[PDB]
Amino acid sequence: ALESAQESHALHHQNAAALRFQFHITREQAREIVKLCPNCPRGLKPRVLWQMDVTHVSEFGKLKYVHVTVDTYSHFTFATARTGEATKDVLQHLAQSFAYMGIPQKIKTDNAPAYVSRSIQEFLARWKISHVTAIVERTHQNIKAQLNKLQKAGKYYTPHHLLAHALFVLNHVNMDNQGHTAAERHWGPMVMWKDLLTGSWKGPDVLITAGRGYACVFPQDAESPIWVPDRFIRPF
Amino acid sequence: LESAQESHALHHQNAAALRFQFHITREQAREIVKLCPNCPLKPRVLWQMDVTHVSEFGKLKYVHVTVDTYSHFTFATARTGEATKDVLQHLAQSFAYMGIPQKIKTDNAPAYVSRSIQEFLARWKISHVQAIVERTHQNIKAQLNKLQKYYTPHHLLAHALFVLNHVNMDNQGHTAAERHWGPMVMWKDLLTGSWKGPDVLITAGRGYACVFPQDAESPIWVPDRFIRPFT
Amino acid sequence: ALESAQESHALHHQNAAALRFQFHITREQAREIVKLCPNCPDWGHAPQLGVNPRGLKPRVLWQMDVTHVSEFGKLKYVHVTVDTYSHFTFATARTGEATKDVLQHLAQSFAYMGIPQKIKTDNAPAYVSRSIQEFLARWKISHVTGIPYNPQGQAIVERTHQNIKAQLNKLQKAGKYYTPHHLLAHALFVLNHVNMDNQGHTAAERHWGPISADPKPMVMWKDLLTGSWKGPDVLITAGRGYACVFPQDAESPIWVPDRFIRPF
Amino acid sequence: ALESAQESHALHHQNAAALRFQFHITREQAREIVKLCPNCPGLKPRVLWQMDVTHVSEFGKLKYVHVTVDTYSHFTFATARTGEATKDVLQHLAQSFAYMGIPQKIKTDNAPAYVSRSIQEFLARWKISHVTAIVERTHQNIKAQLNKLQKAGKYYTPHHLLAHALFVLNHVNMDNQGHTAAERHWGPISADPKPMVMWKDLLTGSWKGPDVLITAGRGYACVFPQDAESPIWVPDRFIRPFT
Amino acid sequence: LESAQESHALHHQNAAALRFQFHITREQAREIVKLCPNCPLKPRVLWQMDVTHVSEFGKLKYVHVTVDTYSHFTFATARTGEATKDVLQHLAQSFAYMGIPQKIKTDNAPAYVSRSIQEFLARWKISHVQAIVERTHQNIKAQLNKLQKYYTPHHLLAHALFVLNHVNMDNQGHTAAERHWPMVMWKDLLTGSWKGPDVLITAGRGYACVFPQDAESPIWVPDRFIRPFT
DNA sequence: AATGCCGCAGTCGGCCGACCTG
DNA sequence: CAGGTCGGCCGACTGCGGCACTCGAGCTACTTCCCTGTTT
DNA sequence: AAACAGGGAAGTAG
DNA sequence: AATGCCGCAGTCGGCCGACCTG
Ligand SMILES: [Zn+2]
């Protein structure tokens, strides 16, 4: 339990709450995990209002242009690094952002010429999206903090790999105080049964439904559930 | 049935997306898609990861696909090759896109079973080991063909990913993303009296069950007297 | 051993007892082996499941359907409306059936019985047409539809059709009647004030009068939605095919067939 | 609440007592509700009846209306008929028996159709004695109800209108004591065998009742509100006995 | 008739090849091909070769394909991968199978543009520097799926190659093998509406013979109603 | 100048051995 | 430990229905939709 | 030129 | 858009006042 958390943060550098919820540990245990770690020292509903801006990362070199797309509601963070910040670059990042997240309606940007350019406006209007002119810079701080943690973890061949790892650890596996990862917030009965083919009481495993005296017990068989008469089931 | 024409012209999604996002007739959506010229468990358990070649991208012909075996959520990238380096990069981005599963059922390519990938997968607590992956291949190729003027292969590839995931949905109305972040029964018809199936069971209770055949559009209510537990 | 049984069944589709006696396996194993084969036909002779609900208070839940009394000539379309708690019945003989005819029959039945909380019918076009819907809305009466092509959903009024037809045949054989309206009036009079049950209560004494509450028993109860025997619970009513338990935590009474009720 | 009372009075136009007893409105309030309406100005049941034939011009061809009133409960049944002859009177008698039941004896006037041998022998078959100011009152009441229901001229035939009027007069109109005509006619009138208990609804937090009880046990009681549809389980802390 | 049935059951050739081999009606060929459940300048000038994956070959999913642009003569050998040694072996075996070219067309994969392969091709006086190869890939995959029980992947691949090469013939009745070893504007004289373009078979002294790809038989038209194309 | 039957599946229950504990 | 207990086992029982010589056609009735004569 | 109003067909259920 | 039913008639079985009888 403890050593699993140690290895997890050592090669992954998670925060405290997510690790605690994953391994069911003491709060202190996670606190000294954070301390002893050397590398690790708005709308009303999802997909309504978005914020995006560019920022410069020193160690990315030719990929210093970091485009960040954060949903103002759930703070689901997505980011990519490209060679520039021109209209073509912003269009490419918007394409991959729509790929990553979905269809937004409200987008808030800065006064950059590329953002107020005609090509981006007509592209958004074609996709039925409205473009109008704290969150973005605090998200940038979080992203670059994750980066600063992650260099010494191991080898990272290209900045794209490092950026993907950082955004993953910041969205899909990290969570809030309420045990809720930003990723799922963007979209937010165990039984004992008798395998009466072999007569062995295999389990426990989840139940799905019931009826007709038949319980839809679903073992780890990724193919299909199986039906068992309720005379051959016992609650756990 | 007004915006559906331009929506299809932009994305080229299936008729189910039209009928569920625009509240139009099923036959109307079928006519729209036919007339178009360019249109001729639990999540995160088991994964399939294969490489495929597409000649459109040129030297970026090495497309890596990673489709979840439950929700059919699809991710892909185009890279200069298919070596261990490249599959490692694509695997990192796929994890960033879909989270951490526990089993990735892959083929027997030498780069896939090499050392570096092996300890990398060991560190992150993953196991190892088909029609789903080739079906996903066919869907990706069809979508890429249907997308014909984009900037770079990454652009239209991401667009294809987006339309495949967040736009299309099955008969139930649940998209790939919704299935990824959100029952099998034999039933008897009442008109002919002959059994048909097997079909999915939405919900049931107190003598009447709801059945949603994949070939139909609307749910069917049947009395519990005519329900059989397939498999 | 078991896999040999599976392949032998897949080849021949033997009987369950045949597999049991030939391969020395547990009987339930043979039953499951014969169950899992897609080729073997699925069970059609299913025992009784489900039950038609019925309001525990008079004038709560009605049922309605039409029939065909061919002896009436042009007035063969008979509308029948029967309560579910007391089996109080009413009927008229309207030429054809439509929105106007159903509305007139509904008004007559309302005058004859009273305001019902809700009405359950079949899915005939007249009962599905909007006009009836806003009529009931103005009269503050909920409406239900029922599963298409399922007469068991209106089994109560179907049995009432049987009773009415038998009574009409009896009366027609008895003597001479002026018009089908007179004959129907006499038949409804008999069925609603004379055809007493075996508990000293006519139809009127049940539909009206006081609801009787003797100390009701408590029984074990199989909840079909969880595959478990949970109880005990209060039993409200019972009969030849229905039972109405009412657990404290349950928001509403639950209707289950008799065989799922075990005394405790 | 009271707006629903006004809507119901608009639909049916029953007496004020019915509104004040069915919707818990103030008596005077229901009084002005009735006022604001544009067109609003024996010892045992099934024993003694009275029958007469009246005329109403609005029906035109069905002006022959038969009225059959019980003398204890005023339970009224009526029908619009094409003639006052013996056969129509017999049809109305059969339908009235279907509506109300078997009366011990019927008191009527000296109409020639009534005295006819066919009616006498028909009553002889059904064992109902025949003998030659309650129904002329009923003629006023039915006529008044027809006038008030003429607001919504969507009635297909006089049968529809008469059915609506009889429905109101027999199941909706309540006496000054709080009883409809049908309850008096079917006469369950006696001491209540079962207690009628107070009840405290959770949604309103008030003591609403009294309501009839079904069962009880293990800290809960199975109360069954009059207007409701299904029994409601209630904690005993919110249950008060009532006489 | 029945011989055609068994031939299509074994080899699963096209309708045209069956018709030309067994002398049946074109309608019969269409019916028989639809009925089967398993059915849903000069040679050696320029070549195209691109590798593709076939999942059901396991360790040998890296199948190479070489198609001549003239006669659509195809060749394939499933191998370990698409590295330098495998592509060199496949190229040598293709040379043995098909004959010496002058030019080869490939994509810009590192293996193809590798120094060793370029040096070897220069050693053979062959130069080196896009829908036919993909159509060939689709045909090969269709045949591989259609041919289903065989023993080894090489056996099944060889059988499918034989079916696609020495059995299937085009509308003209010429085998891909025999083909391996002009456009005209023609007037449909019946309707009077121009059609084309199509291949000219023979022409001279006022009359010509034109064989459109959609017709079962040659069409003879006079010289007055023939015009060139491109 | 001849009469409803019964397999399929669910289910109640008694027997009996492995197993608990007086 | 062996008397006491529970689960595996299945004997016995039973609710259900359709086998009967084959299958239809058609009516009433309301809604939604397309087509077309009439409008400004 | 676009709008609007009958009618027939069609789907559907008793 | 939300679930079989029950009367005609047979019949077992118990209650009980009457009748035989130890
Ligand atoms: Zn399209």
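Quick mapping for you: the protein sequence lines, in order, are chains g, h, e, f and H. With the deposited numbering applied, the first sequence corresponds to residues 1 to 41, 54 to 145, 155 to 209, 217 to 264, in that order. With the deposited numbering applied, the second sequence corresponds to residues 2 to 41, 56 to 144, 154 to 172, 176 to 209, 217 to 265, in that order. For the third sequence, the deposited numbering assigns the number 1 to the initial residue and increments by one for each residue that follows. With the deposited numbering applied, the fourth sequence corresponds to residues 1 to 41, 55 to 145, 155 to 265, in that order. With the deposited numbering applied, the fifth sequence corresponds to residues 2 to 41, 56 to 144, 154 to 172, 176 to 208, 217 to 265, in that order. Don't be surprised by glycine CBs; every beta carbon is placed ideally from N, CA and C.
Reference residue i, options the options, closest by Cα
i	options	result
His12 (chain g)	h:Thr179, h:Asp249, h:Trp139 and h:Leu168	h:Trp139
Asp42 (chain e)	h:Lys222, h:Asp83 and h:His186	h:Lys222
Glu32 (chain H)	H:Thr67, H:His9, H:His68 and H:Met64	H:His9
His193 (chain g)	g:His181, g:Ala203 and g:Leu184	g:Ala203
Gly73 (chain H)	H:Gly227, H:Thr179, H:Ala238 and H:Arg130	H:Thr179
residue 265 (chain g)	g:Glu3, g:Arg94 and g:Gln29	Beyond the ends of chain g as shown, which are 1 and 264, falls residue 265 (chain g); an answer cannot be given.
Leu188 (chain f)	e:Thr237, e:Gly227, e:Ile115 and e:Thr145	e:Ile115
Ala91 (chain f)	f:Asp65, f:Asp258 and f:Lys100	f:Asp65
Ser131 (chain f)	f:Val144, f:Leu103 and f:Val34	f:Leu103
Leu225 (chain h)	h:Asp233, h:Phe260, h:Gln199 and h:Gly239	h:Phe260
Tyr85 (chain H)	H:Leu61, H:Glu71 and H:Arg27	H:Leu61
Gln162 (chain e)	e:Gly200, e:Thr67, e:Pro47 and e:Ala124	e:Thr67
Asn150 (chain e)	h:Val256, h:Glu28 and h:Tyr77	h:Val256
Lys176 (chain g)	h:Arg240, h:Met220, h:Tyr177 and h:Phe135	h:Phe135
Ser212 (chain e)	e:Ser142, e:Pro58 and e:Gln6	e:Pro58
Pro247 (chain f)	f:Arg206, f:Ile25, f:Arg159 and f:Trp229	f:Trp229
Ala30 (chain e)	e:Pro215, e:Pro38 and e:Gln14	e:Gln14
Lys120 (chain f)	f:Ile254, f:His201 and f:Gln63	f:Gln63
Heavy atom of ligand 2 within 7 Å of residue i beta-carbon
i	result
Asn169 (chain h)	Among the ligands in the structure shown, ligand 2 does not appear; only ligand 1 can be found there.
Classification of residue i by the beta-carbon crowding that lies within 10 angstroms, buried from 16 upward
i	result
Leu36 (chain g)	exposed
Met196 (chain e)	exposed
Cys40 (chain e)	exposed
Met113 (chain h)	buried
residue 279 (chain H)	In this structure chain H extends from 2 to 265, so residue 279 (chain H) is not present and cannot be described.
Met218 (chain g)	exposed
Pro263 (chain H)	exposed
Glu97 (chain H)	buried
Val190 (chain H)	buried
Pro232 (chain h)	buried
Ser109 (chain e)	buried
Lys100 (chain H)	exposed
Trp208 (chain e)	buried
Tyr242 (chain H)	exposed
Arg240 (chain H)	exposed
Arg27 (chain H)	exposed
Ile25 (chain f)	buried
Supposed close pair residue i, residue j - CB separation, criterion 8 Å
i	j	result
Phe21 (chain f)	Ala1 (chain f)	That belief does not hold up - the Cβ atoms of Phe21 (chain f) and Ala1 (chain f) are roughly 14 Å apart, past 8 Å.
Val69 (chain g)	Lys165 (chain g)	6 Å
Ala16 (chain H)	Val34 (chain H)	5 Å
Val82 (chain h)	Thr160 (chain h)	4 Å
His186 (chain f)	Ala137 (chain e)	About 17 Å separates the two Cβ atoms, so there is no contact after all.
Query raised in the report: Can you pull every residue whose C-beta falls closer than 5 Å to some heavy atom of ligand 1, listed in chain order?
Result: A residue is listed when its beta-carbon falls short of 5 Å from at least one non-hydrogen atom of ligand 1; in chain order these are h:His9, h:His13, h:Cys37 and h:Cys40.
Query raised in the report: Which runs of the beta strand (DSSP E), 3 residues or longer, sit entirely within the stretch 195–257 of chain f?
Result: Complete beta strand (DSSP E) runs here, min 3: 218–221, 233–239, 242–246 and 254–257.
**Report entry** alpha helix (DSSP H) segments (min. 4 residues) lying fully within the stretch 51–121 of chain e
**Finding:** Entirely contained in the stretch 51–121 of chain e, the alpha helix (DSSP H) runs reaching 4 residues are, in chain order, 99–112.
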